[PDB]
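Have a look at the structure below, then the notes.
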Amino acid sequence: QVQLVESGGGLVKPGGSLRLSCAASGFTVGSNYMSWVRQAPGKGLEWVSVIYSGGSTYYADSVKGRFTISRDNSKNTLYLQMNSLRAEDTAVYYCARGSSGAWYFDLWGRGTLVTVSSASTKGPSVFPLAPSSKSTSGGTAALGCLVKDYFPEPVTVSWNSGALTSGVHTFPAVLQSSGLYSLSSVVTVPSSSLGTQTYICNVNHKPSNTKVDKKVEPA
Amino acid sequence: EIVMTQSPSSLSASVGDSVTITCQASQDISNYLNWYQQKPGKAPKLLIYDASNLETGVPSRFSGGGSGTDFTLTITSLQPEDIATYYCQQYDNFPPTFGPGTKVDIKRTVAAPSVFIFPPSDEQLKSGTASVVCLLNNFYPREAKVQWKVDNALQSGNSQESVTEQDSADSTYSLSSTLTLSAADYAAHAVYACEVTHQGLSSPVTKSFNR
């Protein structure tokens with residue numbers, strides 16, 4: 001009932017421009033000190049900008065001149081305008097709420113991943129990893145989905161639209177020699193009920209706004 | 001700008017141990033110091049604010065101390081779910097800055113992997129590529145070795161592997177390996193096998209199939 005959810009991330013060419021949005025529920029952006037903070041390997045977590053309730057904005061030195069934080073109170077959404085993106089701007093971007101204006105970051109969003117590169121987006125192919133006598137052990141059966149050949153990151157995968165989370169393992173993606181990513185997601189379930197339950201992996205690759213629902217059938 | 005340091009970079013401990021991690025500011029920051037917990041793929045979560053105040057709903061086994069330039073966070077009965085990277089953060093001078101983080105892992109009993117193998121899907125085969133996948137499930141410690149064998153001949157250079165983060169419930173890991181061949185190459189051999197070595201097994205395990 002009280003959360004933050006970011007959107008807008010994806011592939012952007014150097015010098016390009018992107019707009020991130022962040023929709024709040026359970027509180028009003030117009031009466032809160034909202035911040036953007038990013039994270040990437042090397043520099044770790046990095047504060048980027050803030051907008052006060054009254055409206056003052058402040059920016060980190062590394063994005064002064066290029067980024068602009070804003071909010072529309074009608075939609076209760078918060079925005080980060082990103083111009084003239086550079087290689088080093090690749091990061092997960094989080095919006096975060098603070099109190100007291102002294103910066104605590106008490107509530108964060110899920111994050112949205114921005115990849116600055118000159119390559120091209122490619123959506124994945126999804127193939128079932130079907131349960132069979134070679135993926136059963138002691139009454140348990142393994143099954144999964146293989147999410148092959150996409151760029152850039154990330155791919156997210158749900159099972160049964162979010163209703164199946166026990167026993168799921170979505171593996172970190174690997175970089176294939178083609179420069180494309182591949183990942184697998186698997187689940188273990190009872191063997192005895194493979195004939196009566198249905199298992200569907202939901203694959204979302206928002207950088208190429210691609211969505212695939214793949215029923216995984218026993219072999 | 002204030003530089004925030006943290007030690008150790010990581011540590012391992014068992015369930016019930018008490019663990020203390022440290023954070024140093026380059027100069028005095030009073031008690032303007034916050035602690036965050038983050039697990040891989042998830043957003044940070046505020047644990048302690050103003051050096052020693054528990055955020056609402058944090059278990060009492062977390063506590064923080066310090067003032068000036070040295071600060072500590074202490075967990076008294078380490079639980080499997082406390083697996084994470086912990087970040088400290090100052091707000092005394094602009095701009096606020098974060099430490100590089102300390103990773104807390106957990107030890108547990110040796111557990112041998114369960115091993116499964118998946119032949120390529122026909123959907124993929126008709127596109128001319130054959131991926132064969134080997135799954136190692138729920139093992140500990142994380143060190144494990146997979147070898148691919150086609151018609152009993154060891155392979156190199158055509159596989160890739162990836163290990164999960166540590167499970168927040170049972171403190172195990174899982175591992176996925178994929179062997180990728182062309183449809184032409186795939187259809188010229190009979191038996192496909194992944195061979196698994198791990199400290200929980202006295203002899204390497206092999207899962208295979210024909211076709």
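Worth knowing before you read on, the calculation uses all heavy atoms, side chains too, and leaves out hydrogens, waters and symmetry mates. Chain letters run A, B, ... following the sequence lines, proteins first and then strands; every chain starts at 1.
- Side-chain contact between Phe171(A) and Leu183(A) is absent, with no heavy-atom pair separated by less than 4.5 Å.
- Checked against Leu20(A) for a side-chain contact (heavy atoms from CB on, under 4.5 Å), the options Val114(A), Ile69(A), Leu78(A) give a single hit: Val114(A).
- Environment of NZ in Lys206(A): sparse, with no more than 12 heavy atoms of neighbouring residues, nucleotides or ligands closer than 6.0 Å.
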inquiry  = Determine whether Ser162(B) and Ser176(B) satisfy the following criterion, side chain to side chain donor-acceptor pair (under 3.5 Å), listing intermediate values before the conclusion.
reply    = CA-CA 6 Å; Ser162(B) 151; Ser176(B) 182; over 6 Å; no
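- For the pair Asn53(B) (side chain) and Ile48(B) (backbone), a donor-acceptor distance under 3.5 Å is absent.
- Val189(A) places a side-chain heavy atom less than 4.5 Å from the side chain of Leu143(A).
- Counted within 6.0 Å of NZ on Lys45(B), heavy atoms from surrounding residues, nucleotides or ligands total 12 or fewer; the atom is thus considered open.
- Remark: the backbone N or O of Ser49(A) is paired with a side-chain donor or acceptor of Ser35(A) at under 3.5 angstrom.
- Under 3.5 Å, the side chains of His169(A) and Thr164(B) contain no donor-acceptor pair of N or O atoms.
- Put simply, the side chain of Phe105(A) does not reach to within 4.5 Å of the side chain of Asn34(B), judged on heavy atoms.
- Looking at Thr172(B), its side chain never comes within 3.5 Å of a backbone N or O of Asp170(B) through a donor-acceptor pair.
- Side-chain contact between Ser63(B) and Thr76(B) is absent, with no heavy-atom pair separated by less than 4.5 Å.
- Of the possible polar contacts, one joining the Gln166(B) side chain to the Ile106(B) backbone as a donor-acceptor pair under 3.5 Å is found.
- The closest side-chain heavy-atom distance from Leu135(B) to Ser135(A) is not below 4.5 Å.
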task = Start with the C-alpha distance between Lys214(A) and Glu123(B), add both sets of side-chain angles, then the distance that settles salt bridge (charged side-chain N to carboxylate O under 4.0 Å, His left out), and finish with yes or no.
result = CA-CA 12 Å; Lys214(A) 173 69 76 174; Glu123(B) 316 180 42; 2.4 Å; yes
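- No hydrogens or angles considered: a donor-acceptor pair under 3.5 Å links the side chains of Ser21(A) and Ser7(A).
- Within the 3.5 Å criterion, the main-chain N or O of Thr196(A) finds no donor-acceptor partner in the side chain of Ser193(A).
- Aromatic ring pairs are classed by plane angle as parallel below 30°, tilted from 30° to 60° and perpendicular above 60°; the pair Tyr173(B) and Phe139(B) is tilted.
- For the pair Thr90(A) (side chain) and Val116(A) (backbone), a donor-acceptor distance under 3.5 Å is present.
- No donor-acceptor distance shorter than 3.5 angstrom exists from the side chain of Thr188(A) to the backbone of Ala141(A), with no hydrogens or angles considered.
- Between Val216(A) and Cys145(A), the closest side-chain pair of non-hydrogen atoms falls below 4.5 Å.
- Remark: of the listed residues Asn202(A), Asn160(A), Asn204(A), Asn202(A) is the sole one forming a side-chain hydrogen bond (donor to acceptor under 3.5 Å, both in side chains) with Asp213(A).
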key: Criterion side chain to side chain contact (heavy atoms under 4.5 Å, CB included) on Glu195(B) and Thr206(B), from CA distance to verdict   = CA-CA 4 Å; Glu195(B) 201 195 336; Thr206(B) 298; 3.4 Å; yes
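- Of all heavy-atom pairs between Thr210(A) and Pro124(A), the closest is CG2-CD, 4.1 Å.
- Counting only heavy atoms from C-beta outward, the side chains of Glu6(A) and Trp36(A) approach each other to under 4.5 Å.
- Of the N and O atoms on the side chains of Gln124(B) and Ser131(B), at least one donor lies less than 3.5 Å from an acceptor on the other residue.
- The number of heavy atoms from other shown groups lying within 6.0 Å of NZ (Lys215(A)) is above 12.
- For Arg110(A), the CZ atom counts as loosely surrounded, since its 6.0 Å shell holds 12 or fewer non-hydrogen atoms of other residues, nucleotides or ligands.
- Minimum heavy-atom separation, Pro8(B) to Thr102(B): O-OG1, 2.6 Å.
- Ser191(A) is not listed as a side-chain neighbour of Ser137(A), based on a closest heavy-atom distance of 4.5 Å or more.
- When atom types are taken as modelled, the side chain of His205(A) and the backbone of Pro152(A) share a donor-acceptor pair closer than 3.5 angstrom.
- Residues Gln199(B) and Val110(B) approach most closely at NE2-CG2, 3.6 Å, considering heavy atoms.
- Between the side chain of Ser132(A) and the backbone N or O of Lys134(A), at least one donor-acceptor pair lies under 3.5 Å.
- Applying ring pair (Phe, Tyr, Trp, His ring centres under 6.0 Å) to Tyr192(B) and the options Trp148(B), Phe118(B), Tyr186(B) leaves one that passes, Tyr186(B).
- Between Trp35(B) and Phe71(B), a ring centre-to-centre spacing not shorter than 6.0 Å is recorded.
- At distances below 3.5 Å, at least one donor-acceptor pair connects side-chain atoms of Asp89(A) with backbone N or O atoms of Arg86(A).
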